[PDB]
Each structure stands twice: as C-alpha cells, then as structure tokens.
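Both blocks below hold the same protein chain, though in two forms, and each is given as structure tokens: structure 1 and structure 2.
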Structure 1
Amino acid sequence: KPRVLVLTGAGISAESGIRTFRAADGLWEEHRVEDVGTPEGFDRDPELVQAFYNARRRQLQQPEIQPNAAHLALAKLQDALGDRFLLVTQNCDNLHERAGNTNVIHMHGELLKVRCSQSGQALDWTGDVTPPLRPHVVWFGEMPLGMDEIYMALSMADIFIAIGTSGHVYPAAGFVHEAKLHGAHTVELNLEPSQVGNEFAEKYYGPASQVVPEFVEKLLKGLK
C-alpha cells in the first residue's frame, strides 16, 4: 500500500461552522493577526489575546460545530492504511479527532490545550483562561510543532495530499515541494486554487465536504 501523508488547513473545517481567514483583509474574526497571532501581540495585551482564544475555545465546543463529510473520509482513510497514513493539520480544532483520526500532528498547536510558558509542557484545557498561561497555539515567528516527524514522512510519502489550505503560510506551504523532491505524487483538494497549486500534479476544486470523500473513495477503490 502507498504511504499517504495528508496536510489539512482551515478550509476542511469551514463547512463545520469554523469560519476561515478572509483573504480580502488581514483580519481573523475582525482582529488583526499582528494583535492576536504573534508573541508580541500577546506581550502587549495579554488579556485581549487570552479573551480572543477563550472565545475561539468556547465556539469550538458548541453543539452546532461537528465534523463534516471531509473529516469523516480522512478517518476512513486512516482505517484502511494503518501506519502507512499520517495526518498533519494546521488547524487548532479537534474535528479530526472527533471524526475518528488518531495520532494527528497539530503542527500549529491545539485550542483545547494551554501551555505553562516557563515549562514547555502542554496541558489539557477546555474552559476559559483567567489570571502566566498561554494558548498552546503556534504564533507567527514561532517554530511549528512535530516538524521532525513531518519531514520524515514527507520524504517517505508515495502520495501527498493538501486539503483546505491556501499556500500562504510557511513552512506548511512548502510541504508540496518537499514531497515532490522525494518523488511523491502530489494532490491539492481545495475550494479554490491555492497560492502553490501550480506545484501539485493532481488537483480538484469544490467544497471539501464533496471533494474529499470523492477523492478518498477513488483512492480506496484503486487499492482493491
């Protein structure tokens, strides 16, 4: 069986009720990234930033937020491939886990975890953060998580699939190139062509809820 590495971004959770970064501006939930997505922003106004992520963490756990068909198809893909499958997400949501995937690598961290900044230890956390703990979230200028295991998987992959990610943020946006260097077949699945879509050998566009189960089904049937 082929070794398959899947990278996901915010687009796979859009249809689950988690709104995406509007490209038109530089704003996330009507906030500038510099203010809520950098270490500097956290230092200048810790209580705004803590409130911002407290809000994201609560919204994540609302009843109307659930895995969609795309999350489910990736759980089925892992079921079929076992240890020849690796899922890497830029998302801080837990929808991959709720769908049934395991050993999900959250290269940009998790909303349901916080970090005691003196230690390096991440702690489970589902409620608000009050009065120093910080969100276990990778901000701009900080090193993504799990990169050693990710780059190893990139060099070993037979198929690399990028789903729901716009190709603006590195190093994740560079994964397709790395995969191609080590011979992987590359696939982009997205609502619209990404900033790096030209690097991919194969591509399908449309809502993830439709495009991803369609591709996964075609992949699984090609196995047997």
Structure 2
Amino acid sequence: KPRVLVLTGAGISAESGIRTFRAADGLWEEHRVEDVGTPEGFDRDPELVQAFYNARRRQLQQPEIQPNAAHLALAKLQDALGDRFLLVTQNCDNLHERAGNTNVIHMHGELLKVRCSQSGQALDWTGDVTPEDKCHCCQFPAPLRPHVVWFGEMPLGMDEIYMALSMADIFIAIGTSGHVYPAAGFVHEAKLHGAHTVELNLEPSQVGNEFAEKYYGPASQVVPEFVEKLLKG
C-alpha cells in the first residue's frame, strides 16, 4: 500500500459553513488579518483578538456546523490505509476529528485549545477566554492565548511533516489557497522526494507543473470521488 500524505486547507471546511482568509478583499470575517492574525495584533488589542477567537470557537460548536462528505471521505481513507496515512491540516477546526480521523497534525493549531502565555503549554478549552481566565500550569497563573498559529509564528509539527513529505508515495492537497507558507510549499518538497502529487481544489493553489494530477470542484464532490477512485484502484 502507498504512503499517502494529505494536506487540507480552508476550502474543505468551507461547505461546512466555516469562513476564513479571502486573499481578495483581504478580510477574515470583516477583520484585517494584521489585526486578528498576528502577534502584533494580539499585542495591540488583546481584547479584540480574544473576542474574535471567542466568536470562532463558539461558531465552531454550533449545531449547523457539520463535517461534510469530503471530511468523511478522508476518514474512510485513513481507515483503509492505516499507518500508511497521515493527515496534516492548516485548519484550526475539529471537523476532521469529528469525521473520524485520528492523529491529525494541526500545523496551525486548534481553536478548541488555548495556550499559557508563559510556559507555552496547551490546554483543552471549549468556552470563551476572559481576562479572569488563567493557566493551569503555573503557580502564579498566567494569561491565556488561543492555541492558534498566527502569521509570523512557527507552525507546529514541522519535523514530523517534513519526514512524511519525504516518505510519501502520494501527496494530496485539498482546499488550499496557495497563499499561505510554508504549507503552500509542501507540494515542491513532495515532488522533490518522488511523490505523485494531487490537487483537489476550487481554484489552482500553484502555477505550473507541480501537481501531476488535478481535479477541481466543490470538495464534497471532488474529494469523495478521488478517494473512491483511489480505494478501488
């Protein structure tokens, strides 16, 4: 069985009703990314930033937000390939987990976690973060921040991701925009180490000869059809 590495971005959770980074009007939920997605933004206006992620964390857990056919297909793919499968996601949502995927690498962190601003230790967290909310790891309780990787910060799990990029027989990018690095560079790394590269997306994430195989359309349509084709193949 082939080693398969899957990278997912915002596009896969779009049909589930989760909205992010349109590199068009430059807006995240009618916020400038500088203001809600950088360390400097958090430094300038922590109450705004905490409010923003409070809103995202709440919206994530609303009844109308469900994994879609694409998420389910990836859970089935992991079922079929077992340890020969790795899912890396740029997404901070828990929709892959709800669909049934396990050992998901959240390279940009998780909305349902916060982090101690002092120790850097993460903590499970489903509710709002208020100034009165402090860490569980220090004798003198420290402020908490979202466990989300901001532009300007280092992604998580990169050693493990680059190892898998080397090992992959097949690399699949799903719902990625191609504007966000280093994730957008993963296809180059995969192709350099001999992987067959596949893009499943609404719009091209990259210009030219990198993806050897490509299918475009709604994730809920393109992803299950590729996974089925892969599984019977």
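Residue numbering: sequential along structure 1, first residue numbered 1. Under this definition, the rigid core comprises the largest set of C-alpha atoms superposing within 1.5 Å between the forms. Only residues modelled in both forms are compared.
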TODO: Overlay on the rigid core first, then point out the one of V187, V49, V196, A184 whose CA is displaced 2 Å or more between structure 1 and structure 2.
DONE: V196
- [ ] Let me know the CA shift of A23 between structure 1 and structure 2 in Å, rounded to one decimal, core fitted.
- [x] 2.7
Task: Angstrom displacement of the CA atom of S117 between structure 1 and structure 2, core fixed - done: 1.1
- [ ] Go ahead and list the segments of at least 3 residues in a row whose C-alphas all shift 2 Å or more between structure 1 and structure 2, with the rigid core as the reference fit.
- [x] 20-23, 195-198
